[PDB]
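Okay, my_file_36.csv now, which holds CSV, C-alpha atoms:
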chain,number,residue,atom,x,y,z
U,1,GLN,CA,204.4,204.0,-155.9
U,2,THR,CA,201.7,205.1,-153.4
U,3,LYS,CA,204.1,206.9,-151.0
U,4,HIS,CA,205.8,208.6,-153.9
U,5,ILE,CA,202.5,209.8,-155.4
U,6,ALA,CA,201.3,211.0,-152.0
U,7,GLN,CA,204.6,213.1,-151.6
U,8,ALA,CA,204.3,214.4,-155.1
U,9,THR,CA,200.7,215.4,-154.4
U,10,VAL,CA,201.6,217.2,-151.2
U,11,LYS,CA,204.1,219.4,-153.1
U,12,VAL,CA,201.5,220.4,-155.6
U,13,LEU,CA,199.0,221.1,-152.8
U,14,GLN,CA,201.5,223.2,-150.8
U,15,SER,CA,202.5,225.2,-153.8
U,16,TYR,CA,198.8,225.9,-154.6
U,17,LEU,CA,198.2,227.1,-151.0
U,18,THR,CA,201.3,229.3,-151.4
U,19,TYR,CA,199.7,230.9,-154.5
U,20,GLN,CA,196.5,231.3,-152.6
U,21,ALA,CA,198.4,233.0,-149.8
U,22,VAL,CA,200.1,235.3,-152.3
U,23,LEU,CA,196.7,236.4,-153.7
U,24,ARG,CA,195.4,237.3,-150.3
U,25,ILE,CA,198.5,239.4,-149.7
U,26,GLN,CA,198.1,241.1,-153.1
U,27,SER,CA,194.7,242.1,-151.8
U,28,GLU,CA,195.8,243.3,-148.4
U,29,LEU,CA,198.7,245.4,-149.9
U,30,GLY,CA,196.2,246.7,-152.5
U,31,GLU,CA,194.9,248.8,-149.5
U,32,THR,CA,197.8,249.1,-147.1
U,33,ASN,CA,200.9,249.6,-149.1
U,34,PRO,CA,200.3,249.9,-152.9
U,35,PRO,CA,204.0,250.5,-153.5
U,36,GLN,CA,204.6,247.0,-152.2
U,37,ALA,CA,201.5,245.7,-154.1
U,38,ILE,CA,202.8,246.9,-157.4
U,39,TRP,CA,206.3,245.4,-156.5
U,40,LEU,CA,204.8,242.0,-155.7
U,41,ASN,CA,202.9,242.0,-159.0
U,42,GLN,CA,206.1,242.8,-160.9
U,43,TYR,CA,208.0,240.1,-158.9
U,44,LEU,CA,205.3,237.6,-159.8
U,45,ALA,CA,205.6,238.5,-163.5
U,46,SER,CA,209.2,237.2,-163.6
U,47,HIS,CA,209.3,234.6,-160.9
U,48,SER,CA,207.3,231.4,-161.1
U,49,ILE,CA,205.1,230.4,-158.2
U,50,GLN,CA,204.7,226.8,-159.6
U,51,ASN,CA,207.2,225.6,-157.0
U,52,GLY,CA,206.1,227.4,-153.9
U,53,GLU,CA,209.3,226.5,-152.0
U,54,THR,CA,211.7,227.7,-154.7
U,55,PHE,CA,209.6,230.8,-155.1
U,56,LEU,CA,209.7,231.5,-151.3
U,57,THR,CA,213.5,230.7,-151.1
U,58,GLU,CA,214.4,233.2,-153.8
U,59,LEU,CA,211.9,235.8,-152.4
U,60,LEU,CA,213.4,235.5,-148.9
U,61,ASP,CA,216.7,237.0,-150.3
U,62,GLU,CA,214.8,239.9,-151.8
U,63,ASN,CA,212.0,240.7,-149.3
U,64,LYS,CA,212.1,238.7,-146.1
U,65,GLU,CA,209.0,240.5,-144.7
U,66,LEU,CA,206.8,239.4,-147.6
U,67,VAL,CA,207.9,235.8,-147.2
U,68,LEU,CA,207.1,235.8,-143.5
U,69,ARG,CA,203.6,237.3,-144.2
U,70,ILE,CA,203.2,234.6,-146.9
U,71,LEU,CA,204.2,231.8,-144.6
U,72,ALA,CA,201.7,233.0,-141.9
U,73,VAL,CA,198.8,233.4,-144.2
U,74,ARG,CA,199.5,230.1,-145.9
U,75,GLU,CA,199.3,228.5,-142.4
U,76,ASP,CA,195.9,230.1,-141.9
U,77,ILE,CA,194.6,228.9,-145.2
U,78,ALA,CA,196.0,225.4,-144.7
U,79,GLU,CA,194.5,225.0,-141.4
U,80,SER,CA,191.1,226.4,-142.5
U,81,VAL,CA,191.0,224.0,-145.5
U,82,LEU,CA,193.1,220.7,-145.1
U,83,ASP,CA,190.8,218.6,-143.1
U,84,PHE,CA,187.9,219.2,-145.5
U,85,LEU,CA,189.8,218.1,-148.6
U,86,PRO,CA,189.6,214.4,-148.3
U,87,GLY,CA,185.8,214.4,-148.0
U,88,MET,CA,185.2,217.3,-150.5
U,89,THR,CA,187.4,215.6,-153.1
U,90,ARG,CA,185.6,212.2,-152.6
U,91,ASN,CA,182.3,214.0,-153.2
U,92,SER,CA,183.7,215.7,-156.3
U,93,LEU,CA,185.1,212.5,-157.6
U,94,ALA,CA,181.8,210.6,-157.2
U,95,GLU,CA,180.0,213.4,-159.0
U,96,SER,CA,182.7,213.4,-161.8
U,97,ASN,CA,182.2,209.7,-162.3
U,98,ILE,CA,178.4,209.9,-162.5
U,99,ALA,CA,178.7,212.8,-165.1
U,100,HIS,CA,181.2,211.1,-167.4
U,101,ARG,CA,179.2,207.8,-167.1
U,102,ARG,CA,176.0,209.7,-168.1
U,103,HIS,CA,177.7,211.4,-171.1
U,104,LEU,CA,179.2,208.0,-172.1
U,105,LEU,CA,175.7,206.4,-172.1
U,106,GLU,CA,174.0,209.2,-174.0
U,107,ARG,CA,176.7,208.6,-176.7
U,108,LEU,CA,176.3,204.8,-177.0
U,109,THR,CA,172.5,205.3,-176.9
U,110,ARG,CA,172.5,207.7,-179.8
U,111,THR,CA,175.1,205.6,-181.6
U,112,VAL,CA,173.0,202.5,-181.1
U,113,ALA,CA,169.5,204.1,-181.6
U,114,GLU,CA,169.8,205.4,-185.2
L,1,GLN,CA,186.6,233.0,-148.8
L,2,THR,CA,187.6,229.7,-147.2
L,3,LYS,CA,184.9,227.6,-148.9
L,4,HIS,CA,185.9,229.0,-152.3
L,5,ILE,CA,189.6,228.2,-151.7
L,6,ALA,CA,188.7,224.6,-150.6
L,7,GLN,CA,186.5,224.2,-153.7
L,8,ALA,CA,189.3,225.5,-156.0
L,9,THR,CA,191.9,223.3,-154.2
L,10,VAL,CA,189.7,220.3,-154.8
L,11,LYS,CA,189.7,220.9,-158.6
L,12,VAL,CA,193.5,221.1,-158.6
L,13,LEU,CA,193.8,217.8,-156.6
L,14,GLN,CA,191.2,216.0,-158.8
L,15,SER,CA,193.1,217.0,-162.0
L,16,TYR,CA,196.4,216.1,-160.5
L,17,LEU,CA,195.0,212.7,-159.6
L,18,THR,CA,193.6,212.2,-163.1
L,19,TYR,CA,197.1,213.0,-164.5
L,20,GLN,CA,198.5,210.3,-162.2
L,21,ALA,CA,195.9,207.9,-163.4
L,22,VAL,CA,196.6,208.5,-167.0
L,23,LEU,CA,200.4,207.8,-166.4
L,24,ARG,CA,199.6,204.5,-164.5
L,25,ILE,CA,197.4,203.4,-167.3
L,26,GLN,CA,199.9,204.3,-170.0
L,27,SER,CA,202.5,202.2,-168.2
L,28,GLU,CA,200.2,199.2,-167.9
L,29,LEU,CA,199.5,199.5,-171.6
L,30,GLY,CA,203.3,199.4,-172.1
L,31,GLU,CA,203.2,195.6,-171.9
L,32,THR,CA,199.5,194.9,-172.6
L,33,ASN,CA,199.1,196.9,-175.8
L,34,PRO,CA,202.2,198.8,-176.9
L,35,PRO,CA,200.4,200.5,-179.8
L,36,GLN,CA,197.8,201.9,-177.4
L,37,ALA,CA,200.5,203.0,-175.1
L,38,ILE,CA,202.2,205.1,-177.7
L,39,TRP,CA,198.8,206.4,-178.9
L,40,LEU,CA,197.9,207.6,-175.3
L,41,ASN,CA,201.3,209.1,-174.9
L,42,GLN,CA,200.9,211.2,-178.1
L,43,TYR,CA,197.4,212.1,-177.1
L,44,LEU,CA,198.7,213.4,-173.8
L,45,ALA,CA,201.3,215.4,-175.6
L,46,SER,CA,198.7,217.3,-177.7
L,47,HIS,CA,195.9,217.5,-175.2
L,48,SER,CA,196.1,219.5,-171.9
L,49,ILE,CA,195.4,217.7,-168.7
L,50,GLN,CA,195.5,220.8,-166.5
L,51,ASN,CA,191.8,220.4,-166.3
L,52,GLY,CA,191.3,216.7,-165.9
L,53,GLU,CA,187.5,216.9,-166.4
L,54,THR,CA,187.6,218.5,-169.9
L,55,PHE,CA,190.5,216.2,-170.7
L,56,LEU,CA,188.3,213.2,-170.0
L,57,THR,CA,185.3,214.7,-171.8
L,58,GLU,CA,187.3,215.2,-175.0
L,59,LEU,CA,188.8,211.7,-174.7
L,60,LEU,CA,185.2,210.3,-174.7
L,61,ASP,CA,185.0,211.0,-178.5
L,62,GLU,CA,188.0,208.9,-179.1
L,63,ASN,CA,187.8,206.1,-176.6
L,64,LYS,CA,185.0,205.4,-174.1
L,65,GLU,CA,186.7,202.3,-172.5
L,66,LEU,CA,189.9,204.3,-171.8
L,67,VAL,CA,188.0,207.1,-170.0
L,68,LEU,CA,186.4,204.5,-167.7
L,69,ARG,CA,189.8,202.8,-167.2
L,70,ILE,CA,191.2,206.2,-166.2
L,71,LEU,CA,188.3,207.0,-163.8
L,72,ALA,CA,188.6,203.7,-162.0
L,73,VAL,CA,192.3,204.0,-161.6
L,74,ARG,CA,191.9,207.6,-160.5
L,75,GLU,CA,189.6,206.2,-157.7
L,76,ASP,CA,192.3,203.7,-156.7
L,77,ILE,CA,195.0,206.4,-156.4
L,78,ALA,CA,192.7,208.8,-154.6
L,79,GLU,CA,191.6,206.3,-152.0
L,80,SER,CA,195.2,205.2,-151.4
L,81,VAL,CA,196.3,208.8,-150.9
L,82,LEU,CA,193.5,211.3,-149.8
L,83,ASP,CA,193.5,210.6,-146.0
L,84,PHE,CA,197.2,211.1,-145.7
L,85,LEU,CA,197.2,214.5,-147.3
L,86,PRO,CA,196.2,216.6,-144.2
L,87,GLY,CA,198.9,215.1,-142.0
L,88,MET,CA,201.6,214.9,-144.6
L,89,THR,CA,200.9,218.5,-145.7
L,90,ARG,CA,201.2,219.7,-142.1
L,91,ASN,CA,204.5,217.9,-141.8
L,92,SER,CA,205.7,219.4,-145.1
L,93,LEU,CA,204.6,222.9,-143.9
L,94,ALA,CA,206.5,222.5,-140.6
L,95,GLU,CA,209.5,221.3,-142.7
L,96,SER,CA,209.3,224.4,-144.9
L,97,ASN,CA,209.3,226.7,-141.8
L,98,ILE,CA,212.4,225.0,-140.5
L,99,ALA,CA,214.2,225.5,-143.9
L,100,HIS,CA,213.1,229.2,-144.2
L,101,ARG,CA,213.9,229.9,-140.6
L,102,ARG,CA,217.4,228.5,-141.2
L,103,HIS,CA,217.8,230.6,-144.3
L,104,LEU,CA,216.7,233.8,-142.3
L,105,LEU,CA,219.3,233.0,-139.7
L,106,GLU,CA,221.9,232.7,-142.4
L,107,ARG,CA,220.9,236.3,-143.5
L,108,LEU,CA,220.9,237.6,-140.0
L,109,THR,CA,224.4,236.1,-139.4
L,110,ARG,CA,225.7,238.0,-142.5
L,111,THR,CA,224.1,241.2,-141.2
L,112,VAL,CA,225.8,240.8,-137.8
L,113,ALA,CA,229.2,240.6,-139.6
L,114,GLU,CA,228.3,243.7,-141.6
L,115,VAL,CA,227.5,245.5,-138.3
L,116,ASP,CA,230.7,244.2,-136.5
L,117,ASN,CA,232.9,245.2,-139.5
L,118,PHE,CA,230.9,248.3,-140.7
L,119,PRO,CA,231.0,249.3,-143.6
L,120,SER,CA,233.1,246.2,-144.6
L,121,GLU,CA,231.2,242.9,-145.0
L,122,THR,CA,233.6,240.5,-143.2
L,123,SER,CA,237.1,240.1,-141.6
Take the structure in this file and express it as structure tokens.
Amino acid sequence: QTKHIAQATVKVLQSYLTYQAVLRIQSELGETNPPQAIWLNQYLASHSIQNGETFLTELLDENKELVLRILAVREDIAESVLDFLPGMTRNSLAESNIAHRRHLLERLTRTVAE
Amino acid sequence: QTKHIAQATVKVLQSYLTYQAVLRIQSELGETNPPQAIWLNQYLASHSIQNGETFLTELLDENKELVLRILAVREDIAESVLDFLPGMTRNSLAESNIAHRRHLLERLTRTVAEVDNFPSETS
């Protein structure tokens, strides 16, 4: 179970970083080469980015340059971010738990107080 | 920008982990309380879990105990997995580069044949 969930989570994470990389590049092209910026937007409109790898594999047959730029920027994002995720996520989980627990108590308290 | 991307990535992970927790819980209910297992399943079908936080918040109105069960199991899964993600993601990224590089080489190979046989594609 654990291994399989970890692997599944890594795919989701990588795909999210792929999308994050695509946004950065939408920006960059939104100055440099608007002809390619408009093209990328149209490409996104009809090609899902939910599976980053499938998205990249099909793009590579259509615009290899974009894919390489996406791969490079995704590397920069990954490296700037990966090592913070365990801690930041633990902090967010702890805060989530305290919040739902507080809401849950407010509910029982009202529902017991009358 | 980096901090904002990290913050957003955290929300995505947290929600994914709450989805995973909901599934583990619904399977455990499968033998423990089959009526509650079909109920959770149907609740999942009609309520989006793409934001795990609002999912849990709405669930509170229907079942307080279940929310806590989901939170606790979500912690189990997170602790079992979080520390592996940096390393495994780097491996997965290296593996993606190998696959795309291979694919680029396959395109290059086809272009060399087009050049060698110009304007024909092969032979």
Sorted by chain and rising residue number, which residues of chain L lie within 6 Å of chain U, and what are their closest atom pairs and distances in Å to one decimal, counting all atoms listed in the file, as CSV?
residue,atom,partner,partner_atom,distance
L:6,CA,U:81,CA,5.6
L:10,CA,U:89,CA,5.5
L:81,CA,U:6,CA,5.6
L:82,CA,U:86,CA,5.2
L:83,CA,U:86,CA,5.9
L:86,CA,U:82,CA,5.2
L:89,CA,U:10,CA,5.7
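Taking only C-alpha atoms into account, the residues near (206.0, 231.0, -154.7), no farther than 7 Å, are residues 15, 18, 19, 48, 49, 50, 51, 52, 53, 54, 55 and 56 of chain U.
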Measure the distance from CA of residue 113 in chain U to CA of residue 61 in chain L in Å and round it to one decimal. 17.2 Å
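For the pair CA of residue 47 in chain U and CA of residue 63 in chain U, the interatomic distance is 13.4 Å.
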Compile the contact shell of residue 29 in chain U as a ChimeraX atom specification: residues with an atom at most 10 Å away, counting all atoms listed in the file, same-chain residues fewer than 6 positions apart removed. /U:23,35-38,40
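The spacing separating CA of residue 26 in chain U from CA of residue 45 in chain U amounts to 13.1 Å.
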